[PDB]
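Peer 1: Experimental structure and sequence below, a few questions after.
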Amino acid sequence: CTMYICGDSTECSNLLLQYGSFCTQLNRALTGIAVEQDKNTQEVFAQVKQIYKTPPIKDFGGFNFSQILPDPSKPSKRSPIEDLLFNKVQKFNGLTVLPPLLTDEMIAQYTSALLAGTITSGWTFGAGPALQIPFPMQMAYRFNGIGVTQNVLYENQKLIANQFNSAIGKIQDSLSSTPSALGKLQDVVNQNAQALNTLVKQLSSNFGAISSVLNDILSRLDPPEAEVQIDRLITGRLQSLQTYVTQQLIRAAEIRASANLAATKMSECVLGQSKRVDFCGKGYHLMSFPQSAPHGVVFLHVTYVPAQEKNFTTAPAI
Amino acid sequence: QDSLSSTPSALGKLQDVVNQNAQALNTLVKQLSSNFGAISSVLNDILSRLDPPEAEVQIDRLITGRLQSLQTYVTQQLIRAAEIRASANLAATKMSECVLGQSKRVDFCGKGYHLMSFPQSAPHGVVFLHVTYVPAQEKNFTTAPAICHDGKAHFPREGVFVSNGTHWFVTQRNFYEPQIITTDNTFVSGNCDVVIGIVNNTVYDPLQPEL
Amino acid sequence: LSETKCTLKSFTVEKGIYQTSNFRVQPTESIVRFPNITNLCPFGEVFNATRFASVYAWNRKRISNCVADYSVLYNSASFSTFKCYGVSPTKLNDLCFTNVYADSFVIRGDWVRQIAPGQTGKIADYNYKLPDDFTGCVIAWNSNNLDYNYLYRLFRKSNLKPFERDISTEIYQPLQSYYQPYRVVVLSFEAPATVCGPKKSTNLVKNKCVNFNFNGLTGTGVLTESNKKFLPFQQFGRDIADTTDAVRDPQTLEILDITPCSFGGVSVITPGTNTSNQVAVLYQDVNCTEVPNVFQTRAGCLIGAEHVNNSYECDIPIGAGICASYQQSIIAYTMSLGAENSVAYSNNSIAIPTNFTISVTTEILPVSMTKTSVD
Ligand SMILES: *[C@@H]1O[C@H](CO)[C@@H](O[C@@H]2O[C@H](CO)[C@@H](O)[C@H](O)[C@H]2NC(C)=O)[C@H](O)[C@H]1NC(C)=O
Ligand SMILES: *[C@@H]1O[C@H](CO)[C@@H](O[C@@H]2O[C@H](CO)[C@@H](O)[C@H](O)[C@H]2NC(C)=O)[C@H](O)[C@H]1NC(C)=O
Ligand SMILES: *[C@@H]1O[C@H](CO)[C@@H](O)[C@H](O)[C@H]1NC(C)=O
Ligand SMILES: *[C@@H]1O[C@H](CO)[C@@H](O)[C@H](O)[C@H]1NC(C)=O
Ligand SMILES: *[C@@H]1O[C@H](CO)[C@@H](O)[C@H](O)[C@H]1NC(C)=O
Ligand SMILES: *[C@@H]1O[C@H](CO)[C@@H](O)[C@H](O)[C@H]1NC(C)=O
Ligand SMILES: *[C@@H]1O[C@H](CO)[C@@H](O)[C@H](O)[C@H]1NC(C)=O
Ligand SMILES: *[C@@H]1O[C@H](CO)[C@@H](O)[C@H](O)[C@H]1NC(C)=O
Ligand SMILES: *[C@@H]1O[C@H](CO)[C@@H](O)[C@H](O)[C@H]1NC(C)=O
Ligand SMILES: *[C@@H]1O[C@H](CO)[C@@H](O)[C@H](O)[C@H]1NC(C)=O
Ligand SMILES: *[C@@H]1O[C@H](CO)[C@@H](O)[C@H](O)[C@H]1NC(C)=O
Ligand SMILES: *[C@@H]1O[C@H](CO)[C@@H](O)[C@H](O)[C@H]1NC(C)=O
């Protein structure tokens, strides 16, 4: 606050003190937002007690997860899909940026653990200890969970695995063809960048003063006159900063709500099978897989959709 | 009870609300000590010295500063109130779904499988005690998707087929309780040629031993 | 630690990281650079003139390509009025101007008050007007011990614009003869500087934090050679905050980039004061070679904490995967995300619980807030 308004001017700083604690309040409000942002990330991704690893041999009965699992031949251990998502998405005026507590690699590691968990132990790891189960048997349980008998899975296992594998391949191709797909994440980035540029540009406004520059005021006027011109700049700059902080608090609340929803989906779509309609996508939910993204999370929802219906005559009883 | 009595930070979520509002009020009061460019922060000291044409100028500065300080306070309370409202709505949802029923939502009513919950009153808030079932002491078993018997594929009605190394049993999924595989706990669908990983065993029909 | 205690208005400090101050590099010296100009400005040609013009037809002298020393007039004891607007009469020698204009005329003592910005009256409106946004100094003196028929405009269809000189003599449907005589000179202060006050130059210093004055432009920062392709007429560049980020040296015509001196937030890492009074200090986004157990992180330079290879659960967060804790002394480490677990996955292997436990856990939610009311 002090630097934004007064720079390194002593005369301005002493006048700024006449306004009490406004700078303390503004610095505090922004600090609170910064802390929340790490809390939001932790609530969404750090939901696993242990860091689970996949087996050396990826035998899941025909189900291919290579596009969602980490690619071992890459500096970032990111999956092919995560790598795509990441590629696609002031300082001298007192405006700085603090780093996240959890780095991109650390977030990718949490995601990897969640994927290893759901692939090898289904939903058991989200409730208690991870209990291994053959992947095709896990899928059979998920079919029972949507009102379809388990023999439907086993008698069509090659077909189901092939449709699954095809659908995943189409996610990567779909994202690579649609620049607007990540607009939800880009909008957050653009809104905050715009807010900071607006805040900096306000330093060019004189607010009724002879000049927008404190050094030009001080090099020309004596204190009884200089203070008048400075007072106008303090009022204008303090108002501009207060506007910025208020907007960040409102925007932060929206982000918090999104993070809470993302955390809920992680628990109910990834660590279990949901019965909530359209909570984990259209169709009957089978399972979900998280992917890390810049400032956010992407969920791949796997659902069962009925097809090729036929007309039959019915009756309530025989 | 022993856990709460040993951990002062346990109620930090409720204490934080109390501390934030207390801080906001103290900040608002302290602003009354600021002159905002005026000769004095005290209106009575301005009025006892200056005549109206001069006194009003000094008062104008104090009004502007004090009104701005109060507007800042109210704006912050509206934003904070919205956060509290969201928490209260979540608490109300948990009361309905965790206390007045049994939830199937993962981690909505705590870790593990939800059995039931009990509310407790707290200062400016609610505390929920969530009672859950947590699986323990798991054992390694050999499994199969189906049993092959007399040319037919048998699947479990409710459980999973397991082997202890010499014999096949059917058991419920969340608690080991092996039972003899019979026609009353399996169903038949198709032949033994389609299912991958089907094994050969005997499915007992509880009729012929008496008939 | 004392700084943290004062910041928090308490004699005790809880475990955590607090921002208490700001790091800033101070300047070592002052670099002053002015154009090399040798001759003095012809102010005397206006002030010690034999004859001054009538107020209706005031004269204008342009002052250019010179050194303007205004202390000779300020301290000169002769004037009755020496009033500056927008500038201070004792700081004029530290200023540079695009141009200086010296306007001169004869008035009666009762009009002296009209030679000012924001005025009305027969002189202010029909003979000699200054703008409300006036920058310059009005200098006047009693000249009745020196000195004829001087004229002023009495009638006109409309008022004059600032610095307008109407010397026509059309009939009004205009001039009248002029209680002591006063002589008035108005110095109006108006790109590369053309007129500068006496201010000596110093040697140019680069790659250091310095104060500076380049042809009247002041600020604090580090000067380096610029690679900016300035056009032959450009003297300085500007940023989005309208600050100067490059200047043309007025003597060598070298373009210099201006980078503000290093600064950043300062935060104190501390265990509660109930356990220890030891602290570690983080200089946010500051390089450890600029700051003067020194650990350079992405968050900033962390001094006082011992870096270790052992990864622990995070206690006091620093940022970018780094946390600190008290273990005694303060240490820094990369935080653990938890223990690893390899699940014994196989196409025919299942794990089934043979027992269970009943667990009770606690969840705490805020419901309400204090109902305050402010009159
Ligand atoms: C799992 O799927 C990947 C594709 O997502 C398979 O890798 C591709 O294999 C084809 C040949 O059939 C190559 O032309 C592609 O260039 C490969 N792509 C990549 C990214 O490697 C992989 O072989 C499949 N694994 C199994 C066991 O079926
Ligand atoms: C159910 O739908 C699937 C998907 O369309 C059918 O499988 C396709 O059958 C055609 C014709 O033989 C093949 O050319 C495709 O390659 C198959 N797709 C896949 C993914 O294998 C399946 O035959 C349909 N089953 C019934 C009973 O209609
Ligand atoms: C059922 O019959 C109606 C005609 O009454 C027809 O429009 C509809 O498409 C048929 N549905 C199916 C699944 O064949
Ligand atoms: C199952 O066997 C694996 C070895 O392949 C072992 O690591 C694991 O702990 C065993 N699990 C149980 C529940 O005994
Ligand atoms: C499997 O269970 C049967 C029946 O209780 C028992 O007779 C047999 O010895 C057990 N086999 C093994 C390997 O424990
Ligand atoms: C399991 O893997 C083994 C190879 O280790 C293979 O021989 C066996 O047929 C597979 N069983 C199933 C059900 O896939
Ligand atoms: C089951 O027994 C039949 C003979 O009746 C044999 O052809 C088949 O391969 C056996 N299957 C298994 C899994 O042992
Ligand atoms: C004019 O001459 C007088 C008398 O010598 C001197 O005091 C004054 O400084 C001169 N003023 C100017 C503008 O040269
Ligand atoms: C003026 O200064 C410049 C830059 O230092 C120098 O190149 C030039 O020779 C100087 N000229 C005079 C007249 O002193
Ligand atoms: C300080 O530490 C001691 C020893 O653990 C503890 O008994 C005491 O309650 C602590 N005091 C405070 C204010 O935390
Ligand atoms: C700090 O400065 C040194 C040069 O002395 C440089 O090599 C190093 O990379 C810099 N580190 C950071 C974090 O800027
Ligand atoms: C940490 O390990 C590195 C090797 O990767 C070693 O050079 C360094 O001295 C070690 N530091 C400590 C405190 O053990």
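Peer 2: Received, thanks. Numbers count the residues shown, from 1 in each chain, chains lettered A, B, ... in the order given. Ligands and ions are numbered 1, 2, ... in the order given.
Peer 1: And the helices in chain A?
Peer 2: Counting by DSSP state H, the segments of chain A that form helices are A:2-6, A:10-16, A:22-45, A:80-88, A:104-121, A:135-144, A:150-154, A:157-177, A:183-201, A:214-218, A:223-265.
Peer 1: next one: chain B
Peer 2: Taking DSSP H, the helices of chain B run over residues B:2-6, B:12-30, B:43-47, B:52-94.
Peer 1: Would you mind naming what in chain B lies close to ligand 5?
Peer 2: B:164, B:165, B:166, B:167 (C-beta under 6 Å from any ligand atom). For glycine as for every other residue, the C-beta is placed from the backbone atoms N, C-alpha and C.
Peer 1: Count the neighbours of the third one for me.
Peer 2: When counting by other C-beta atoms under 10 Å in any protein chain shown, one arrives at 5 neighbours for residue B:166.
Peer 1: dump the residue contacts of it.
Peer 2: Contacts for residue B:166 (C-beta atoms under 8 Å, 6 or more residues apart in numbering or on different chains) come out as none.
Peer 1: Pick the most buried one from the helices of chain A.
Peer 2: Taking mean count of other C-beta atoms under 10 Å in any protein chain shown as the contact definition, the stretch among these with the greatest mean neighbour count is helix A:104-121, which reaches a mean of 22.
Peer 1: Would you mind telling me which of the helices of chain A is nearest residue B:27?
Peer 2: In this view, the helices of chain A are compared for proximity to residue B:27 by C-beta to C-beta, and helix A:22-45 is the closest at 6.4 Å.
Peer 1: can you give me the angle the closest one makes with helix B:52-94?
Peer 2: An angle of 10 degrees separates the directions of helix A:22-45 and helix B:52-94 when computed by axes from the mean of the first three to the mean of the last three C-alpha atoms, to 10 degrees.
Peer 1: And chain C, is helix A:22-45 touching that?
Peer 2: Yes: for helix A:22-45, a contact with chain C is found by C-beta under 8 Å from any C-beta of the partner chain, at A:27, A:31, A:38.
Peer 1: these two touch, right, the second one and residue C:17?
Peer 2: Put plainly, it is residue A:31. No: under the criterion of C-beta atoms under 8 Å, residue A:31 lies out of contact with residue C:17, with a separation of 10.6 Å.
Peer 1: rewinding a little: including distance to residue C:351 and mean neighbour count, could the helices of chain B go into CSV?
Peer 2: Supplementary listing: the helices of chain B in CSV, determined by distance: least, C-beta to C-beta, whole Å; neighbours: other C-beta atoms under 10 Å in any protein chain shown:
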stretch, distance to residue C:351, mean neighbour count
helix B:2-6, 30, 9
helix B:12-30, 36, 15
helix B:43-47, 77, 14
helix B:52-94, 31, 15
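Peer 1: give the contact list for the nearest residue to residue C:340 once chain neighbours are set aside.
Peer 2: Nearest-residue entry for residue C:340: residue A:51, 4.8 Å, with adjacent residues in sequence omitted and distances by C-beta to C-beta, 6 or more residues apart in numbering or on different chains. Shown in contact with residue A:51 (C-beta under 8 Å, 6+ apart): A:109, A:110, A:112, A:113, C:337, C:338, C:339, C:340, C:341.
Peer 1: Could you work out the most separated pair of those?
Peer 2: Between any two of the contacts of residue A:51, the greatest separation by C-beta to C-beta is 14.7 Å, found for A:112 and C:339.
Peer 1: quick one, which of the helices of chain A is nearest to residue C:13?
Peer 2: Residue C:13 sits nearest to helix A:22-45 of all the helices of chain A, at 16.2 Å, using C-beta to C-beta.
Peer 1: Check which helices and strands the closest one sits against.
Peer 2: Judged by 3 or more C-beta pairs under 8 Å, 6 or more residues apart in numbering or on different chains; DSSP states H and E, the packing partners of helix A:22-45 are helix A:104-121, helix A:223-265, helix B:52-94.
Peer 1: contacting residues around that helix?
Peer 2: When contacts are taken as C-beta under 8 Å, 6+ apart, the neighbours of helix A:22-45 outside the stretch itself are A:1-2, A:5, A:16, A:98, A:100-102, A:107, A:110-111, A:114, A:238, A:241-242, A:245, A:248-249, A:252, A:255-256, A:259-260, A:262-263, A:266, A:290, A:292, A:297, B:27, B:69, B:72, B:76, C:19, C:317.
Peer 1: any idea which helix or strand carries residue C:351?
Peer 2: Using DSSP states H and E, the element containing residue C:351 is strand C:349-366.
Peer 1: neighbouring strands for that strand, and are they parallel or not?
Peer 2: Strands adjacent to strand C:349-366 in the sheet, as given by DSSP bridges, are strand B:125-144 (antiparallel).
Peer 1: got the angle for the strand it pairs with vs helix A:135-144?
Peer 2: Our comparison of strand B:125-144 with helix A:135-144, counting by the same axes, to 10 degrees, yields an angle of 130 degrees.
Peer 1: what about strand B:125-144, near ligand 4?
Peer 2: Yes: remark: strand B:125-144 sits within contact range of ligand 4 at B:138, B:139, B:140, by C-beta under 6 Å from any ligand atom.
Peer 1: Can you verify my assumption that the second one contacts residue B:176?
Peer 2: Just to be clear, that refers to residue B:139. Yes: checked against C-beta under 8 Å, the pair residue B:139 and residue B:176 is within contact range at 6.5 Å.
Peer 1: what touches both of these two?
Peer 2: Here residue B:139 and residue B:176 have C:352, C:354 as joint contacts, going by C-beta under 8 Å, 6+ apart.
Peer 1: quick one, what contacts the closest residue to ligand 7 within the stretch 151-300 of chain A?
Peer 2: Scanning the stretch 151-300 of chain A for proximity to ligand 7 using C-beta to the nearest ligand atom identifies residue A:154 as nearest, at 14.3 Å. If a contact means C-beta under 8 Å, 6+ apart, then residue A:154 has A:136, A:140, B:145, B:146, B:155, B:194, B:195, B:196 as its contacts.
Peer 1: got the CA positions of stretch A:52-61 in PDB?
Peer 2: Below are the C-alpha coordinates for stretch A:52-61, written out as PDB (Å, rounded to 0.1, in the frame of the first residue of the first chain):
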ATOM      1  CA  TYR A  52      -0.100 -44.900  -4.400                       C
ATOM      2  CA  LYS A  53       1.900 -46.300  -7.200                       C
ATOM      3  CA  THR A  54       0.800 -48.300 -10.300                       C
ATOM      4  CA  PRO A  55       2.200 -51.800 -11.000                       C
ATOM      5  CA  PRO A  56       5.100 -52.300 -13.500                       C
ATOM      6  CA  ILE A  57       2.800 -54.400 -15.600                       C
ATOM      7  CA  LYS A  58      -0.300 -52.600 -16.800                       C
ATOM      8  CA  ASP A  59      -2.700 -55.500 -17.200                       C
ATOM      9  CA  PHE A  60      -6.200 -54.300 -16.600                       C
ATOM     10  CA  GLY A  61      -8.000 -56.700 -18.800                       C
END
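Peer 1: what's the neighbour count on residue C:157?
Peer 2: For residue C:157, the tally of surrounding residues (other C-beta under 10 Å) stands at 8.
Peer 1: Can you give me the distance of it to residue B:167?
Peer 2: Residue C:157 sits at a distance of 122 Å from residue B:167 (criterion: C-beta to C-beta, to the nearest Å).
Peer 1: Fine by me, thanks again.
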